[PDB]
Visitor: 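Please see the structure below; I have some questions.
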Amino acid sequence: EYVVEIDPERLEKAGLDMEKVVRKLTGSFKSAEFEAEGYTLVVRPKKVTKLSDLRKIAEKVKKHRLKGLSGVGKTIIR
Amino acid sequence: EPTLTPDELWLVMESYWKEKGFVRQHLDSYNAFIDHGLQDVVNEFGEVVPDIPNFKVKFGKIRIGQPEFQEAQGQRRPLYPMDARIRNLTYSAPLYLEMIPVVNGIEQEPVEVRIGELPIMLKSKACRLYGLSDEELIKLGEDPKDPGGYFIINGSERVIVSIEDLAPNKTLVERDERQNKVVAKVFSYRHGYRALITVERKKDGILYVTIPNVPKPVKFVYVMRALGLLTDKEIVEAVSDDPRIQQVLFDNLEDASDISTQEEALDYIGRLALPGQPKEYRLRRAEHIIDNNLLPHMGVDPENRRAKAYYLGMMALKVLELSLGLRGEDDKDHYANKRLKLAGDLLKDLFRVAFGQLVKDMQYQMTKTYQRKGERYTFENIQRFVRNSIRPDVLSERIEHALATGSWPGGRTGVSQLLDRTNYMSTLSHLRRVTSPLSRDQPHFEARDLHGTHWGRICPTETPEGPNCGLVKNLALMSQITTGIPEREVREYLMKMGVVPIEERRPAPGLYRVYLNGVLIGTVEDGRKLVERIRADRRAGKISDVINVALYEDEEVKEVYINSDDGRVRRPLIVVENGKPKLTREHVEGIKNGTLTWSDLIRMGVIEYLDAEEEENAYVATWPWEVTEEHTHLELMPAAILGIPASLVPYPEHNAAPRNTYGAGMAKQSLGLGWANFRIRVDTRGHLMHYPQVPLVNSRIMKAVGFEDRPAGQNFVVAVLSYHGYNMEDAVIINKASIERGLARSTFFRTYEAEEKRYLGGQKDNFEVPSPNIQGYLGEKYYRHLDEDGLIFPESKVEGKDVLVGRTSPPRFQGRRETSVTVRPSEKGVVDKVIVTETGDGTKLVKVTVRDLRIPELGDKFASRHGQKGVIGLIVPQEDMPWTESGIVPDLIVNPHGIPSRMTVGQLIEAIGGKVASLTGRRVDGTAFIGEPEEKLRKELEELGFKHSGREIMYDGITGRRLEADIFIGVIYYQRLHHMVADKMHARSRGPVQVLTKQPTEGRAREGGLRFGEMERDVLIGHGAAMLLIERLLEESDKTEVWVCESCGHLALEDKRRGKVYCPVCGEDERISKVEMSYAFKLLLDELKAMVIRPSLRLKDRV
Amino acid sequence: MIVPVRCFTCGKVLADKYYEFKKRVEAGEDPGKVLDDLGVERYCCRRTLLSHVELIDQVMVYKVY
DNA sequence: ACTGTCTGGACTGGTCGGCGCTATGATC
DNA sequence: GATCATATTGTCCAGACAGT
Ligand SMILES: [Zn+2]
Ligand SMILES: [Zn+2]
């Protein structure tokens, strides 16, 4: 499974903590267990034994939006 | 030792151009095609098996004889290009291929039978002009300065423009942003057939394979299994061994695990190709599709099918690495991945198609002869049986026709074009022209724009305007195109140098892959050492200069590329080692003395040809004084990066790029003594300058090119000044006395042809003055210039619609028709010459060349060499023109507003240089980056007694007073263009109309009208002019009256014999009304009725 | 193809002295001094004489009749 | 109810000039 | 020789459609 490591500096711009980030996928993804180890995000499988379903669920985490609105990319202030 | 001078490099470049020339690519490609291309095609076809039991005919050696022509009587005589042009004959030579019949497996006596006529390139090895001196070419009616390299088909010169295509059998990888996928494509070539094999990876991680004549992309794993590999492990290491690549492959075959055997994948392929078919039919269809479409360049036998899977694997890696960031996306416009199909390759493909059709025709002929006569007549004389079953013309009419209309087999079109004969520059530009297969209307931002690999290969400025911009380019002056060499020798040399074969050692991350012409051949431990050894051997003359070696050393992948194929545009560069160029003063002295040639310099490795792939590893120095220890090459001539017409511009670095492009484009439209044999030529249109002049400010390359011997313009004393507003908006003012003195005087020649064609039943045309009793008599005064043989006398003044050749035609289905050849209604002149000869069928042919004196007048287009163009605004008398204090009256006056707006400082520099050259008597060099400096020119102008700026004190020609401003007057080379107002004025009131739409005809030759397009109608609507629009579109173009039935709206029929109008669909002999409308609307109604649509016209009262 | 009779700017006759100028140029002398001694002082006439190239000899070889 | 895919259509106007093509394998 | 039936069947944008 994916062991996600994120840079803190980008987290300094999104304005939210890592643990709350976990709260954005615990309820949404009830088929997987999400754990936080400092600045590293580690997921745990409930019942996963095939590589086919890993590639059908790893991209759903990435496509999930933690905060904001869908379809929003860059943002600048003038 | 001195660091050399650009003059020595210019001498070396001049020697290079003297040894090779400017049409070397066409001549070399045609020589390669003649020497082995015909033999390669013949060996590829091999033999013909007709429907005869236990008998076959195999093909032997094929040769080509001298260019000869057989007349209608039957006399075979040597053929010359001038005779072919005059008599409308194709300059071709017979092809003799020996045929060896095989009876019961025993070879018989060979039979040498002509299989057709192949057109001969001018000044080629198979041409009669090869090796002839200037006097010999003069005695044959040929210009010694003519470069050749073109074909004469039906008396018209045809030039094959090179085609900038993708590299064959090379995989190019790119990413589609809209599709969010990584796509790799290869154009595999086999016997003139091109197959686009595609491997893609979508967002789901699966790999799809696109095969032609297949409607849907199928999975990569399915083709990989059907290609010969059975187990999953075979596909696993058929691609690579990198763990990421292995894991991607594991995911791929896990997703595609539903099919495990070859038969199921073949069944899927056949079902997708041909749905609703029996299983075995789909199986054989899929097998044939895989054999003849899936990478045909690897072969067609199933034995190499497994190897095709290997070629699939090298594709998958290329897809995978770009999908994982290991490698970057290669540039599609990079010239390392681009090849240049020359005339030789296209001729080989056309000859292959024609020979295949000839082979099938001969097979049908022998089958028919055996079925009719039987075995007794067939085998009693096998020499005569094979010869009589051959129709050579069937081949010939396929070749020359493709060289006539420009249409090539396989959908390629525009390959052969009419050679431009406007002047000396246009023909060279057309002979050094490269086109692209991309559509002209398509916006190709990444393809039309200039590329960094075009340095030394493609001219950066000389490009056409409009939709042809970017897609049509010209070869650079230093551009060199490779000639084919046997690849087996190169592969053997590479293997013996220390390259481990691919089948012996698997690729490794720590090993350098070796590629030969885009095909991986193995791996080596030290790629850099191998590249250095190959370069040293090439510099030592051990191997040919065609082989080019490059090394790509990235942090992830390492590769070595060796290229020895055709279509690679290269440039010569001086090898620099340890900061010292290999070219010394001794080599320059030997070149100047004639003891050393350019090929000698190439032999010792002092100067080497580099393509785009090798130059990636090179660090070139622009100037001989800028060489350092890290520099690897030295530029020979920085001014040689421009094309032949682009070098005509003096000081192109001082002008804007669009201005330089316009000047290069208009250099081909100028008028001058292009050819010394213009009077004997039979060109349909031509121009001659009475007093052509070589420019005083000319680049040194123009002397080597040959523009000085064949100038196309005159030097004009131009003063930049506003004169009564008649030079406004790019216009120019010319001197009346200068025009009357012969300045810019031109003559326009037009050639008309008349053939005494023979029809069926013995009917034929007759060359005689038509009798007034016959119909179609134009008039008594129209034949006043005809002789008793129906031919016009030379040196006879003619006008519009004047009869030149009196011809009478047999009547259709009565008296003989009139088909006399007449001058154009808007054209006139004096008959220059009359030529009487015969065509290929023995019929009489009369060509009349008529010349018209073109004195410059208002509307005549004159252009400078820096893109400054305009028409004559006023013919000002000399007494009214201003004059300087030195007593100089300008021959031209240009507006001062156009000079700074277009950023044209090169025109001012050229004016200063022309004045300096005229005052000193020494020609001023205007070569790019090595020309005479502007400040030096101003210095000598000051030393000559004139102002530094070139301004002179001028007096008004009318008032006689001194002008308050010093006017800038200098000598600028101004050329007259072929866009004269005499051939551009059109005026139609009423005349002929089209037989279909009852509308005015097209163009000016047939007295056509002027098109009032959709935009004109729109702006007339916007103006609110309803009646003006009615008068224009309806009352003046196709006004007509029809009869309409009020009961049903159908078009009523009017019978003149009965004298009554009635509706046939309905009856209604009373309620019929006349409606005025356009004939185009009636045609539209007829089209709708033909399309099973009924338009019912509901008539309404006008009030 | 042949030298113009008069200068295009002022009508000064130059065809008479062109062949002498061409002969002196082929002898290695400076064309400026040759023009100076021949009376060709204005640079327009010098333009006409210098920029002209003889080409009629290459046209006479192609007979037309 | 969304989402990627298959299918269909258009790609500024005008002008000058040229080149070239629009049958054939049986039958008496 | 002179005739004669036959002569094969490139991109981008928008609307409609199986699939989940
Ligand atoms: Zn009716
Ligand atoms: Zn003068």
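Heavy-atom basis, side chains included; hydrogens, waters and symmetry copies ignored. Throughout, protein chains are lettered first and strands after them, A, B, ... in sequence-line order, and every chain is numbered starting at 1.
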Visitor: Identify the heavy atoms of B:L266 and B:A286 that sit nearest to each other, and give their distance.
Guide: O-CB, 3.3 Å
Visitor: With a 4.0 Å cut-off on N to O distance, would you call B:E44 and B:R352 a salt bridge?
Guide: yes
Visitor: Closest approach of B:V173 and B:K318, non-hydrogen atoms and distance?
Guide: CG1-O, 3.4 Å
Visitor: Are B:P217 and B:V209 close enough that some pair of their side-chain heavy atoms sits under 4.5 Å apart?
Guide: no
Visitor: What do you reckon, is CZ of A:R65 surrounded by more than 12 foreign heavy atoms closer than 6.0 Å?
Guide: yes
Visitor: One thing to verify: whether B:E487 and B:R491 come together as a salt bridge, which I'm taking to mean a side-chain N less than 4.0 angstrom from a carboxylate O.
Guide: no
Visitor: Answer yes or no: is there an ion pair linking B:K558 with B:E553, defined by an N-O contact shorter than 4.0 Å?
Guide: no
Visitor: For atom NZ of B:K203, decide whether the heavy atoms of other residues, nucleotides or ligands shown that lie under 6.0 angstrom number more than 12.
Guide: yes
Visitor: Does the B:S323 side chain pair with the main chain of B:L320, one donor and one acceptor, at a distance under 3.5 Å?
Guide: yes
Visitor: Is the shortest heavy-atom distance from the side chain of B:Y208 to the side chain of B:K181 under 4.5 Å?
Guide: no
Visitor: How far apart are the closest heavy atoms of A:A32 and A:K46, and which atoms are they?
Guide: N-CD, 4.3 Å
Visitor: Should B:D554 and B:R327 count as an ion pair when the cut-off is N to O under 4.0 Å?
Guide: no
Visitor: CZ of B:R175 to CZ of B:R201: how many Å apart, nearest 0.5 Å?
Guide: 10.5 Å
Visitor: Can you confirm whether B:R412 sits close enough to B:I163 that some side-chain heavy atom of one is under 4.5 Å from a side-chain heavy atom of the other?
Guide: yes
Visitor: Who pairs with A:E37 by side chain to side chain contact (heavy atoms under 4.5 Å, CB included), at least two apart in sequence or on another chain?
Guide: A:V42
Visitor: Between B:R305 and B:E287 (salt bridge meaning N to carboxylate O under 4.0 Å), is one present in this structure?
Guide: yes
Visitor: Do the side chains of B:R513 and B:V560 get nearer than 4.5 Å, heavy atoms only?
Guide: no
Visitor: Measuring from B:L317:CG to B:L312:CG, what's the distance to the nearest 0.5 Å?
Guide: 12.0 Å
Visitor: For the atom pair CD1 (B:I206) and CG (B:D251), what is the distance rounded to the nearest 0.5 Å?
Guide: 7.0 Å
Visitor: Of the non-hydrogen atoms in B:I245 and B:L324, which two are nearest, and what is the gap between them?
Guide: CD1-CD1, 4.3 Å
Visitor: Would you tell me whether B:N293 and B:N213 have side-chain atoms, one donor and one acceptor, within less than 3.5 Å of each other?
Guide: yes
Visitor: Under 4.5 Å between any side-chain heavy atoms of B:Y364 and B:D51, yes or no?
Guide: no
Visitor: Would you call B:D242 and B:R244 a salt bridge, taking side-chain N to carboxylate O under 4.0 Å as the test?
Guide: yes
Visitor: Is the shortest heavy-atom distance from the side chain of B:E200 to the side chain of B:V182 under 4.5 Å?
Guide: no
Visitor: Which of these, B:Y193, B:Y189, B:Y311, sits in a ring pair (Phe, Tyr, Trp, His ring centres under 6.0 Å) with B:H297?
Guide: B:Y311
Visitor: Below 6.0 angstrom between ring centroids: does that apply to B:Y512 and B:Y552?
Guide: no
Visitor: Could you tell me whether B:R306 and B:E234 have a side-chain N and a carboxylate O separated by less than 4.0 Å?
Guide: yes
Visitor: Check for me whether the distance between the ring centres of B:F45 and B:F59 falls short of 6.0 Å.
Guide: no
Visitor: What distance separates B:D565 CG from B:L516 CG, expressed to the nearest 0.5 Å?
Guide: 8.5 Å
Visitor: Take B:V353 and B:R398 through the test side chain to side chain contact (heavy atoms under 4.5 Å, CB included) and record every step on the way to the result.
Guide: CA-CA 8 Å; B:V353 171; B:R398 186 38 166 289; 3.9 Å; yes
Visitor: If you measure from OG on B:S260 to CG on B:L253, what distance do you get to the nearest 0.5 Å?
Guide: 12.0 Å
Visitor: One thing to verify: whether B:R506 and B:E237 come together as a salt bridge, which I'm taking to mean a side-chain N less than 4.0 angstrom from a carboxylate O.
Guide: no
Visitor: Thinking salt bridges, do B:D176 and B:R178 make one under a 4.0 Å N-O criterion?
Guide: yes
Visitor: Start with the C-alpha gap between B:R568 and B:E613, add the side-chain angles, then the distance that decides, and say whether salt bridge (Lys or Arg N to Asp or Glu O under 4.0 Å) holds.
Guide: CA-CA 10 Å; B:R568 290 181 298 126; B:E613 208 135 45; over 6 Å; no
Visitor: Going by side chain to side chain contact (heavy atoms under 4.5 Å, CB included), name the residues that satisfy it together with B:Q442, two or more places apart in sequence or in a different chain.
Guide: B:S439, B:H444
Visitor: Kindly compute the distance separating CG (B:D267) from CD (B:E280), expressed to the nearest 0.5 Å.
Guide: 10.5 Å
Visitor: Between B:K170 and B:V186, is there a side-chain heavy-atom distance shorter than 4.5 Å?
Guide: no
Visitor: Run the side chain to side chain contact (heavy atoms under 4.5 Å, CB included) test against B:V300 and tell me which residues pass, sequence neighbours left out.
Guide: B:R190, B:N292
Visitor: Establish, from distance only, whether the side-chain atoms of B:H451 and B:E446 form a donor-acceptor pair under 3.5 Å.
Guide: no
Visitor: Considering all heavy atoms of both residues, which atom of B:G498 and which atom of B:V524 are nearest to each other, and what is their separation?
Guide: O-CG2, 3.6 Å
Visitor: Name the residue from B:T482, B:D165, B:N563, B:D566 that meets the side chain to side chain donor-acceptor pair (under 3.5 Å) definition with B:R339.
Guide: B:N563
Visitor: Using the side chain to side chain contact (heavy atoms under 4.5 Å, CB included) rule, take B:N304 and B:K308 through it: C-alpha gap first, then chi angles, then the decisive distance, then the call.
Guide: CA-CA 6 Å; B:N304 53 70; B:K308 288 179 181 202; 3.4 Å; yes
Visitor: Which pair of heavy atoms, one from B:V183 and one from B:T198, lies closest together, and at what distance?
Guide: CG2-CG2, 3.6 Å
Visitor: Any carboxylate oxygen within less than 4.0 angstrom of a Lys/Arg side-chain nitrogen, looking at A:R55 and A:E59?
Guide: no
Visitor: With a 4.5 Å limit on heavy-atom distance, are the side chains of A:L41 and A:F34 in contact?
Guide: yes
Visitor: With side-chain hydrogen bond (donor to acceptor under 3.5 Å, both in side chains) as the test, would you mind laying out the steps for B:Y222 and B:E264 before giving the verdict?
Guide: CA-CA 9 Å; B:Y222 294 156; B:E264 287 325 289; over 6 Å; no
